[PDB]
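# Overview (structure and organization)
If you want the building blocks of each chain, they are given just below.
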Amino acid sequence: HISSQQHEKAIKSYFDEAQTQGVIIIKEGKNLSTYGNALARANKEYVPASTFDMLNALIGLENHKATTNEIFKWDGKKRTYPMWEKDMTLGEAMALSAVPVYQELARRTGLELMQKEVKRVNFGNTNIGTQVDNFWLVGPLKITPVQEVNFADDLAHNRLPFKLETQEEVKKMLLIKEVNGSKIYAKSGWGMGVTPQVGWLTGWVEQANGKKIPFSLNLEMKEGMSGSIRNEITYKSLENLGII
Ligand SMILES: *C(=O)[C@@H]([C@@H]1NC(C(=O)O)=C(S[C@@H]2CN[C@H](CNS(N)(=O)=O)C2)[C@@H]1C)[C@@H](C)O
């Protein structure tokens, strides 16, 4: 039916029309495919930004720094987004990308344990530096879109080196959409502490039949853009490829 030339052209056009530069990497079984309008982004390093929340949550839970029902209280200080001015569980903080919660979690884990855990799972360049509460936001920790799709593939298949229950607890936190029997699990990212800014959407689709298809979208955000472009491009791409 549809030629891969036409798939490549369609997905490129989604990035072109959002007036950005980006890539989406899709993995099917063992085969990695790179689509978009700036393919060379695929092996370039960027800050993980809020995508690190997934591994922050795995580490915190595995090491009993939190539980999935624990309510992280708002301290009452003004926050960047009014939606973050409330009490929340890790799960809620995951959907809202509430960095103050993931910062508190990182502080509980602590620098020594954080570094050792980031090494053990071999995440990105694995370097967190000396600042426990912003290493995923402004450097030194970096990761390529290929490395992110591989992380999502690992987590989707319970292959990371954490208890199965830890991985299931985090995965539950990541359900963002259901489309005709398919379930989309993903974590968004928007790094505003770097120039240029980076947008991420990394997760997988779980199809009706049980197959999991991981993906990582990576693009350049500029002041002005709506964050929902990350989602809109992702769904359009997955739909174009008949994955959903
Ligand atoms: C982490 O990257 C960063 C989070 N990440 C996001 C995000 O949307 O991925 C935000 S933006 C904030 C939370 N969601 C609201 C926007 N919704 S949407 N659909 O993206 O337009 C406002 C924030 C910058 C941490 C480090 O702050």
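Analysis parameters
Residues numbered from 1 in each chain as written, not as in the entry; some residues may be left out. Heavy atoms only, no water. Residues with missing side-chain atoms left out of burial classes, pairs and counts. Patch = residues over 30% accessible without salt bridge, like charges linked within 9 Å, V, L, I, M, F, W, Y side chains within 5 Å. Areas by Shrake-Rupley, 256 points an atom, 1.4 Å probe, with all protein chains shown as cover. Salt bridge = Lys/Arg side-chain N within 4 Å of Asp/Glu carboxyl O. Helix = DSSP H or I, 4+ residues; strand = E, 2+ residues; numbered from the N terminus. Near = heavy atom within 4 Å. Polar contact = N/O pair within 3.5 Å; in protein donor to acceptor, adjacent residues only side chain to side chain. Nonpolar A, V, L, I, M, F, W, Y, C, P; charged D, E, K, R; others polar. Pairing = 2+ DSSP bridges. Axes fitted to C-alpha atoms, helices over the stretch in contact; angles between N-to-C directions. Contact = heavy atoms within 4.5 Å.

### Observations concerning a nonpolar patch on the surface
A cluster of nonpolar residues, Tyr81, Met83 and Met192, forms a patch on the protein surface that exposes about 290 Å² of accessible area. Looking at the element boundaries, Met192 is found in the loop between β4 (182–191) and β5 (197–206).

### Brief notes about the site of the ligand
Around the ligand there are 16 residues in total, and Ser50, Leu137, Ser188, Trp190 and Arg230 lie nearest to it. With respect to the ligand, the side chain of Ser188 contributes an N or O atom lying 2.6 Å from an oxygen atom. For the ligand, an oxygen atom lies 2.7 Å from a polar atom in the backbone of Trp190. In isolation the ligand exposes 580 Å². Once the protein is present, 78% of that is buried. Elements represented by at least two residues in the shell around the ligand include exactly β4 and α8 (228–240). Top contributing element to the shell around the ligand by residue count: β4, with three residues. A class-by-class count of the residues in the shell around the ligand yields nine nonpolar, six polar and one charged.

### What about the sheet that holds β4?
With antiparallel pairing, six strands are arranged side by side in an open sheet as β2-β1-β6-β5-β4-β3. At either end of the open sheet lies a strand with only one pairing partner, and these are β2 (31–36) and β3 (175–179). Within the sheet, the average angular offset between the axes of one strand and its neighbour, ignoring direction, is 20°. Sheet analysis places strand β1 (residues 22–28) next to strand β6 (residues 212–221), joined by five bridges and oriented antiparallel. The residue of β6 that forms the bridge with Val23 is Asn218. Across the sheet, helix α1 (residues 4–17) is in contact with β1, β2 and β6; its angle to β2 comes to roughly 50°.

By themselves, these observations are geometric and do not establish any function.
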